[PDB]
Amino acid sequence: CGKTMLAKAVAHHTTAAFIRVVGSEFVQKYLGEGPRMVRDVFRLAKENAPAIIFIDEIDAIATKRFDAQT
Amino acid sequence: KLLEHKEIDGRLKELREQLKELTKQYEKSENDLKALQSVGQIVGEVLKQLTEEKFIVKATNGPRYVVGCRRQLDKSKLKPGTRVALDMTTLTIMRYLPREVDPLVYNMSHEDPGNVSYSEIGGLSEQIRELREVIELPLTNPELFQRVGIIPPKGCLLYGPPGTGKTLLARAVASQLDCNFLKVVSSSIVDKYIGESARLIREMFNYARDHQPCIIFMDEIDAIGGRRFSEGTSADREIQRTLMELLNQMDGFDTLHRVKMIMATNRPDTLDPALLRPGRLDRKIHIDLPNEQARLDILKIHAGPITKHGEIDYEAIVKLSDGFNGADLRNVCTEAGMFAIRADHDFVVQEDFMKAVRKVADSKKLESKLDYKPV
Amino acid sequence: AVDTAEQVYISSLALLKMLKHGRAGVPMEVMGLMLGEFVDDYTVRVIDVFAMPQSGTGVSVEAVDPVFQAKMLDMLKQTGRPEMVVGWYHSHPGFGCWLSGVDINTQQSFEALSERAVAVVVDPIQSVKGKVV
Amino acid sequence: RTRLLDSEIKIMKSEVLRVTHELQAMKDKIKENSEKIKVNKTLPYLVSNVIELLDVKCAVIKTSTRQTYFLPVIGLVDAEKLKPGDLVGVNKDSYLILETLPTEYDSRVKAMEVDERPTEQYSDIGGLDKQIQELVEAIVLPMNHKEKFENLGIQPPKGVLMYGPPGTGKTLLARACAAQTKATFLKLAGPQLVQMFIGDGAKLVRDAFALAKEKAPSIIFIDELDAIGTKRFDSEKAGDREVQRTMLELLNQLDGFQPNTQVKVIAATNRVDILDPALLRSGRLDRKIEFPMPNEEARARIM
Ligand SMILES: Nc1ncnc2c1ncn2[C@@H]1O[C@H](COP(=O)(O)OP(=O)(O)OP(O)(O)=S)[C@@H](O)[C@H]1O
Ligand SMILES: Nc1ncnc2c1ncn2[C@@H]1O[C@H](COP(=O)(O)OP(=O)(O)OP(O)(O)=S)[C@@H](O)[C@H]1O
Ligand SMILES: Nc1ncnc2c1ncn2[C@@H]1O[C@H](COP(=O)(O)OP(=O)(O)OP(O)(O)=S)[C@@H](O)[C@H]1O
Ligand SMILES: [Zn+2]
């Protein structure tokens, strides 16, 4: 239904800083680097400008069922 | 009486040739003796440049660091995303390197075995033609597509009954163009780790980005695909994140170029609707069971190098054939040879064929519900 | 062992040659020879420093080319001051400057030529403005 | 009187070079062997995997601790014997390649090897002679007389399935062909391919096939294939997945892409209708072999 097509146009017409983020990029091999990458994105966001973050497909992140064993 | 010259020179010649062949061992092993003192060096990537001398890298196994360079490195070559070689103790930069290859890629880049040309398969020639124009043209000549002014399709989907010749068709294509057939089995991707499969996808698509005319083929998608869940088993999470890695890096912001993606499975009913949107997988190409002419074709393909005698009613064999695969007829030819091995008939009589067809059509009392049309 | 008073003199050019040549080849330990005059039992006076050429691309490995010795000392004979070699140097650039196994290895072979040929270590990293070191 | 003494003393002038070559052999051999004693007697070899091979003659290593290492100097192995993904013996401190290790094989795969060699000759099975004929003529003769096929020139058949009621005896033929055929008979229980960690059953299937390939006359037996052979389904909220992934790995490493001629597969289920049609299709498991109940005389034969 044209989901990313509008974020593309917003990235085109804007003047602000625009950071694309792969959804599953945070979960990585080494321990704890995920929350550190969250810190990284948000520190740079606080740094740059009035800016725009687009995170694609947070279904990789926001899953309402967990298992604190694995 | 003057054979002393050749005797002394034979002494010198045997001594010279044996000195070469016995001191070249000392030479190469002394090169090894000098080489035994080299030190392994840490592999890492550069985050960014702090100052003219201060550099900030990340070790791939773990932590971050703040390092320095040599004096002959041409520091403008250090850019965010490069890969460097770090000292073990001094922990400074030694050398900028090209990107690594992740040998899983190498085991499906060059490992690919070729096959016979597209005349080996048969009876589905329209699909062969169609797949050829969607793949071979927009990398050999895309400007004809540009004259219309429409982007060629990105990926193509194969589907059908089991063993109608999908994988064999991909092998024919991989014998035809011979450029960059990255054939993924789509099942030995996931290993046991957290972001491992994602990192494999990143490596694959960046390697696809590098060697610009690439072909991706993933047989048996249903391992990696799934549909969706209410988060039943914790292992399914990682598959869904891997599939969203695929969904992102086939559409994304940085759009692809020339990476044609061939996709084949048995039943596309179990596939994710987010993958079956057009644009990621443009055309659903159907490969169905062969027709009477097509069964005749495949039978006259596999009966090529078979020593027979001329009483072969191919019409009766195809007429008694109904709802068969290509491998069904291959099994017919195999078991006809098996009946020929019975009672030591070195040739193949026509009586072998009817019995083999009866055995094969007898054995198919087991498999029903063979149709799974997508959406 | 039997010791004496411990004292090493310098030349002002020495320290500068030390820092420059130990900086220009920093991540690998750079060999260099040291030149001066054994005045007495307990003081040693380095007056000149020339650096050694480098070789294959590996940490701490060292060599003394004798034709380089002959030609360098020959040039210093036709230079105003010829004098006796007094030792050598290199760096331990990333650490607290102790002589390594290769260092003591070249020391037990180099000590048979001179008694008090003193091994010296410059470090252009752990010194900022108020350290030599 | 002048030349012969000149050559007899030139044998000594060239014995100067012969003693020089003996020195360059022996005395340099002492020093080179001394150094390779000082390196190779460091008996702990950290094993690793070669990631790629640069040429600006330069190899890249990931150790088993998962630390990526560069080295410009390869060491005591040759660039022909290297390919990306090889086990090599590496010194701990120097990080220098020393030896070349054979394979990456699991201990469970080694445990699957048949070494007891049971005894059950074909006279122990009564009343099933036609199926014994079909099995032997399907499997034992591709192991023995390959030229007899290619003179006729077709294909050897790919795998044989047993099925039937649960007491007709299907383990019997497996132990029989173990007792008779001297190939690498390889057993495999059904649920042993089921794993807890996601992605090890595929590794297990592939290691099993690899250890079969490197012991080329290779007879792989599967018992209760329906443990991993399950008819797939598209539902929501729930569903077994990983077992189908192992099943697809079994399929593809069996048949489809990259075919093979050195594998022999024997499967046996109690029930048939469980399985996906792709498991059987007609070239994964070639000869469908039914087992009936013993009719009249066969029961007397068995008793
Ligand atoms: N106005 C439009 N309406 C629909 N499709 C359009 C439109 N303009 C362009 N398109 C094309 O159709 C695509 C729309 O799909 P997307 O923008 O990719 O949405 P989406 O990212 O596929 O959402 P998903 O499938 O849930 S990830 C565009 O990328 C264009 O190729
Ligand atoms: N048109 C054909 N011409 C020749 N051989 C064919 C043909 N179709 C199928 N075969 C045979 O059947 C097998 C090829 O089927 P594949 O291409 O592997 O399909 P597939 O991999 O079985 O896909 P599945 O069954 O959905 S996993 C080989 O044994 C071929 O010899
Ligand atoms: N000729 C024979 N026919 C049938 N059964 C026999 C014969 N000879 C021996 N047996 C018995 O058959 C038994 C083996 O039966 P099973 O192997 O358990 O049945 P099955 O074929 O394995 O079915 P499963 O358990 O589902 S694999 C042995 O313990 C023998 O006592
Ligand atoms: Zn040192």
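Note that chain D is numbered according to Swiss-Prot, with residues 44-99, 120-366 shown in order.
Method reported for this entry: electron microscopy, 3.6 Å.
The backbone N, Cα and C atoms fix where each Cβ goes, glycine too.
Positions annotated as ATP binding site by Swiss-Prot: D:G227, D:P228, D:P229, D:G230, D:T231, D:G232, D:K233, D:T234.
Excluding D:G227, D:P228, D:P229, D:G230, D:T231, D:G232, D:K233, D:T234 themselves, the residues of that chain whose CB lies within 8 A of the CB mean position for the ATP site are, in sequence, D:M225, D:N333, D:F354. A coil conformation is recorded for D:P229 (ATP binding site) in the three-state DSSP classification, outside any helix or strand. Only D:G232, D:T234, in sequence order, out of the binding-site residues D:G227, D:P228, D:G232, D:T234 have a CB under 6 Å from ligand 3. Cβ crowding, taken as the number of other Cβ atoms within 10 Å, peaks at D:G232 among the binding-site residues D:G227, D:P229, D:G232.
Working note on the binding-site residues D:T231, D:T234: by count of other C-beta atoms within 10 Å of each C-beta, D:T231 ranks first.
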